[PDB]
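Q: Could you have a look at this structure, given as structure tokens, before my questions?
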Amino acid sequence: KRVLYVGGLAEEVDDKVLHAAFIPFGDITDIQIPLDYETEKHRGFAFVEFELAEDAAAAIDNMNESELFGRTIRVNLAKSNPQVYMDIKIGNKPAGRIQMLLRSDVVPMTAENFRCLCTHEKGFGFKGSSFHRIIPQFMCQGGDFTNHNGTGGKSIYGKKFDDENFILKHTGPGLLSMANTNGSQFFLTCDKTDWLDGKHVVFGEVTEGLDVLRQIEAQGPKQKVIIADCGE
Amino acid sequence: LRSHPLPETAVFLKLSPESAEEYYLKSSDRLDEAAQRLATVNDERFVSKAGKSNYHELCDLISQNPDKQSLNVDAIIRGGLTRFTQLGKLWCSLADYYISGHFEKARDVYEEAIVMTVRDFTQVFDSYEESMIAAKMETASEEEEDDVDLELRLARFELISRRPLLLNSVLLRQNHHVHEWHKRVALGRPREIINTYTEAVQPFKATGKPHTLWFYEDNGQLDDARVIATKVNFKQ
Amino acid sequence: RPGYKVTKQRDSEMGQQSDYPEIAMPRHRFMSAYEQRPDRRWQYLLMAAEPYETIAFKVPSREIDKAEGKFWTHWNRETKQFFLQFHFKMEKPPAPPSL
Amino acid sequence: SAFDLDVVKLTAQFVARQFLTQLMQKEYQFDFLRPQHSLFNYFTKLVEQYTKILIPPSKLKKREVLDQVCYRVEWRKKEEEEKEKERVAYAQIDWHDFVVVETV
Amino acid sequence: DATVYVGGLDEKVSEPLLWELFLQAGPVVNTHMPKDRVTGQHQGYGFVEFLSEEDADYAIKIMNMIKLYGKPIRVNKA
């Protein structure tokens with residue numbers, strides 16, 4: 001809930017202008033502006049990531065429909081426990097953003113691994129990888145960024161790490177759980193999957209974009225499902 | 001650069017040589033800001049001149065405002081030099097308007113070149129003959145409330161042309177304040193007569209025209225009649 | 001700024017008397033006219049309730065009343081940000097307000 | 001963690017009664033004194049607790065205990081369910097059965 | 001656990017590529033993959049009895065990685 005979409009940007013607006021306009025609400029960790037290399041100009045929008053979700057929230061309230069460089073801008077969510085996002089592309093088509101809360105309070109090692117794999121801060125991660133196993137009414141599995149078939153992946157700690165605990169249960173759809181010997185592979189549940197309780201470590205939940213998860217499930221893969229971008 | 005930082009900690013022409021050798025420019029602008037702050041007369045303006053020698057430009061224009069008249073217009077020329085055009089230019093027009101009517105009218109013109117500028121220029125016309133021209137053009141640009149505004153302009157500015165624009169408002173909407181728009185021509189018995197003929201074309205407005213040639217509660221029940229068993233109420 | 005407000009009224013215990021806690025509030029969604037059962041290019045503020053028929057309201061203006069963090073970020077998504085953010089369901093009188 | 005615990009609780013014992021603010025200047029062991037170091041918070045707890053022991057240094061002569069535990073007791077699921085229902089139905093109705101009247 | 005239920009298959013698969021397929025993991029002692037008589041074709045779900053239970057619980061762990069005709073294969077205890 002830390003990443004914001006910012007649209008309606010005049011040509012003169014750039015990453016410096018955005019930093020200056022949004023920093024009053026709190027520290028910012030990243031600013032991305034898609035470019036058209038044929039023109040060398042941006043496409044009128046950007047994504048601003050705040051350090052704190054509370055600050056991102058205050059920014060949405062005060063900046064949405066505000067004026068920047070003479071015109072009205074649009075600001076909204078793009079898609080203590082870390083929150084991360086994945087932007088999903090299905091076939092050649094953007095599907096939207098899934099936002100996830102990681103339960104560092106319950107499973108700190110498991111949450112930290114997934115967090116780092118979203119940011120790529122350890123030198124590798126999920127960006128550009130696929131959901132290679134998708135079963136309707138069950139789950140969508142990804143994170144195999146080395147072999148892309150369920151045989152690969154690696155954690156930030158080495159090839160594998162221990163099951164921390166089984167406190168969190170598979171109680172319904174939209175939960176994050178480790179595939180397994182934990183590495184980087186994970187799944188997003190599409191129903192209650194309680195037969196996996198005590199076998200797979202649950203470590204997070206979808207907070208925004210359940211609809212995007214349902215679009216992934218709809219491919220259960222009939223079309224490639226790619227993590228086009230991700231981060232914290 | 002670290003040596004430049006330690007030298008900055010140590011910290012005028014020779015010092016400028018040491019600084020330029022140390023370089024970066026943002027620190028120099030910060031130094032000019034330090035001069036403008038520490039001086040807070042004419043020597044500060046000289047520091048602004050050295051700052052001009054150094055080459056945020058809008059911030060320099062703000063310092064020029066702090067220096068406050070043709071020289072300020074020269075500073076406006078420097079602001080024009082700073083960029084071909086986005087909000088900072090609007091700030092320049094804002095400083096131009098806040099304080100030489102031509103300085104505001106020109107910025108209002110450039111704002112007119114690109115609708116909010118037309119709105120601010122409309123506010124400038126609201127501040128005021130030429131402003132009346134801008135306002136009448138704003139109404140004639142092609143809304144009944146705006147027609148009421150133009151009628152207010154007739155009430156202020158300036159008569160037959162007002163009758164023509166009133167004819168335009170009448171053709172635009174034959175509905176009950178139009179007689180009052182005709183009343184401006186009386187400034188009245190004739191405009192009231194137009195209010196009467198309009199009543200024939202359709203209440204108290206004709207009587208007001210009669211006073212111009214020279215109970216409100218019953219006029220109000222009559223207004224209830226004027227609302228667009230119900231007919232029986234119109235009878236009562 | 002300027003915003004729109006709709007007041008939808010429902011039956012007066014006339015036919016709803018025949019109550020088995022089966023989903024026994026109305027829901028709104030913004031639909032693009034790009035899909036219809038000829039012409040298109042505008043949005044509709046559709047409002048739906050189980051028995052009664054759907055209802056739509058054309059929104060030519062690109063954006064109106066689209067606020068910015070009205071409440072203090074409390075997360076009961078209900079259906080979506082739109083519904084919780086700006087709807088009221090007087091269930092006792094059967095009046096659905098939307099703005 | 002016995003070391004950390006012991007030093008926290010000791011500096012907390014003394015801090016509960018100027019001696020620490022002098023110790024810091026006289027002697028990286030007590031790095032928890034700054035609110036920066038996480039453990040600092042727990043420190044603020046211990047001290048408070050000790051500060052409390054200094055309160056009734058008076059006997060406690062507490063039926064009553066029961067009453068108290070009841071009052072403490074006295075001092076969401078359904079909602080989640082209803083919400084779920086709503087999501088289901090919203091997801092499951094024809095948003096193409098249009099029949100509009102006006103426009104704004 | 002000695003037996004597993006296996007869903008989501010294509011009829012070109014038969015009892016043989018199940019034999020071969022699950023003995024890749026561990027030997028299928030008793031194979032059952034229905035042949036439907038009426039239209040002479042397979043619905044694609046399977047039941048497997050093993051030597052003992054340990055085979056089959058490891059089979060629960062490893063087992064659902066098989067993909068029959070580009071497509072997913074269900075394996076669960078029974």
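Chain identifiers are assigned as A, B, and so on, following the order in which chains appear in the structure tokens; residues are numbered from 1 within each chain, and ligands are numbered from 1 in order of appearance.
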Extract, using only C-alpha atoms, all DNA, RNA and protein residues at most 9 Å from residue 68 of chain E, discarding same-chain residues fewer than 2 positions from it, and format them as a count of residues only.

A: 9

Q: Write out as a VMD selection string which residues come within 10 Å of segment 122-126 of chain A when counting only C-alpha atoms, dropping same-chain ones fewer than 5 positions away.

A: chain A and resid 86 113 to 117 142 to 146 153 to 156 184 to 185 226 to 231

Q: Atoms to include: C-alpha atoms. Write the selected residues as a short mmCIF file (atom, residue, chain, number, x, y, z; two decimals), in the first residue's frame.

A:
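Here's the written file part-v3.cif:
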data_model
loop_
_atom_site.label_atom_id
_atom_site.label_comp_id
_atom_site.auth_asym_id
_atom_site.auth_seq_id
_atom_site.Cartn_x
_atom_site.Cartn_y
_atom_site.Cartn_z
CA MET A 86 3.51 -7.48 -8.10
CA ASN A 113 12.96 -13.75 2.07
CA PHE A 114 9.84 -12.89 0.04
CA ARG A 115 10.37 -9.16 0.65
CA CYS A 116 13.93 -9.29 -0.73
CA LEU A 117 12.78 -11.34 -3.70
CA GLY A 142 5.23 -19.01 -8.95
CA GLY A 143 8.70 -17.99 -7.77
CA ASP A 144 10.74 -20.47 -9.77
CA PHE A 145 12.91 -17.76 -11.30
CA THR A 146 15.73 -20.14 -12.25
CA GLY A 153 14.37 -21.14 -7.18
CA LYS A 154 16.55 -20.11 -4.25
CA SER A 155 16.13 -18.21 -0.99
CA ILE A 156 18.18 -15.24 0.23
CA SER A 184 11.65 -18.94 -3.44
CA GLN A 185 8.59 -20.78 -4.78
CA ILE A 226 4.32 -12.87 -15.80
CA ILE A 227 5.42 -10.72 -12.89
CA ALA A 228 6.08 -7.63 -15.02
CA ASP A 229 7.32 -5.61 -12.03
CA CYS A 230 7.50 -5.97 -8.26
CA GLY A 231 8.80 -4.16 -5.21
#

Q: Can you list every residue in chain C that DSSP puts in helix (DSSP H, G or I), as a PyMOL selection string?

A: chain C and resi 81-85

Q: Would you export the selected residues with N, CA and C atoms as a PDB file, in the first residue's frame, please?

A:
ATOM      1  N   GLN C  81     -13.678   0.316  -2.880  1.00  0.00           N
ATOM      2  CA  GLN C  81     -13.508   1.640  -2.290  1.00  0.00           C
ATOM      3  C   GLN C  81     -14.712   2.539  -2.571  1.00  0.00           C
ATOM      4  N   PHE C  82     -15.305   2.378  -3.751  1.00  0.00           N
ATOM      5  CA  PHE C  82     -16.450   3.188  -4.153  1.00  0.00           C
ATOM      6  C   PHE C  82     -17.637   3.019  -3.208  1.00  0.00           C
ATOM      7  N   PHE C  83     -18.014   1.773  -2.942  1.00  0.00           N
ATOM      8  CA  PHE C  83     -19.189   1.490  -2.121  1.00  0.00           C
ATOM      9  C   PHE C  83     -19.074   1.967  -0.674  1.00  0.00           C
ATOM     10  N   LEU C  84     -17.991   1.602   0.001  1.00  0.00           N
ATOM     11  CA  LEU C  84     -17.811   2.032   1.383  1.00  0.00           C
ATOM     12  C   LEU C  84     -17.613   3.537   1.437  1.00  0.00           C
ATOM     13  N   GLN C  85     -16.803   4.046   0.515  1.00  0.00           N
ATOM     14  CA  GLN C  85     -16.460   5.462   0.483  1.00  0.00           C
ATOM     15  C   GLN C  85     -17.678   6.378   0.397  1.00  0.00           C
TER      16      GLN C  85
END

Q: Give me, as a list in words, the contact residues of chain A against chain D at a cut-off of 12 Å, counting only C-alpha atoms.

A: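 Filtering chain A at 12 Å from chain D with only C-alpha atoms gives residues 172, 173, 210, 211 and 214 of chain A.
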
Q: For the residues selected in the previous step, produce a file with N, CA and C atoms as a tab-separated table (two decimals), in the first residue's frame.

A:
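again.tsv was written with the following content:
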chain	number	residue	atom	x	y	z
A	172	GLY	N	-8.60	-19.51	3.53
A	172	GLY	CA	-9.40	-18.94	2.45
A	172	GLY	C	-8.52	-18.47	1.32
A	173	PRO	N	-9.13	-17.85	0.30
A	173	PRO	CA	-8.40	-17.35	-0.86
A	173	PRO	C	-7.55	-16.15	-0.50
A	210	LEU	N	-7.25	-8.70	-5.27
A	210	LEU	CA	-7.81	-10.06	-5.35
A	210	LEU	C	-8.37	-10.34	-6.75
A	211	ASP	N	-8.92	-9.30	-7.37
A	211	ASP	CA	-9.43	-9.44	-8.73
A	211	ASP	C	-8.36	-9.83	-9.74
A	214	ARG	N	-7.72	-13.42	-9.35
A	214	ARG	CA	-8.75	-14.17	-10.05
A	214	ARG	C	-8.50	-14.24	-11.56

Q: Can you list, as a list in words, every protein, DNA or RNA residue that comes within 6 Å of segment 44-47 of chain C when you count only C-alpha atoms, leaving out same-chain residues fewer than 6 positions away?

A: residues 27, 28, 29, 30, 31, 54, 55, 56, 57, 58 and 59 of chain C

Q: At a cut-off of 8 Å, list the chain D residues touching chain C, using only C-alpha atoms, as JSON, numbers by chain.

A: {"D": [83, 84, 85, 86, 87, 90, 95, 96, 97, 98, 99, 100, 101, 102, 103, 104]}

Q: Identify every residue of chain A that has at least one atom within 8 Å of any atom of chain E, counting only C-alpha atoms, and report the result as number ranges by chain.

A: A: 133, 135, 150

Q: Residues of chain B within 9 Å of chain A, using only C-alpha atoms, as a list in words?

A: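 Contact residues on the first chain: residues 86, 87, 88, 90 and 116 of chain B.
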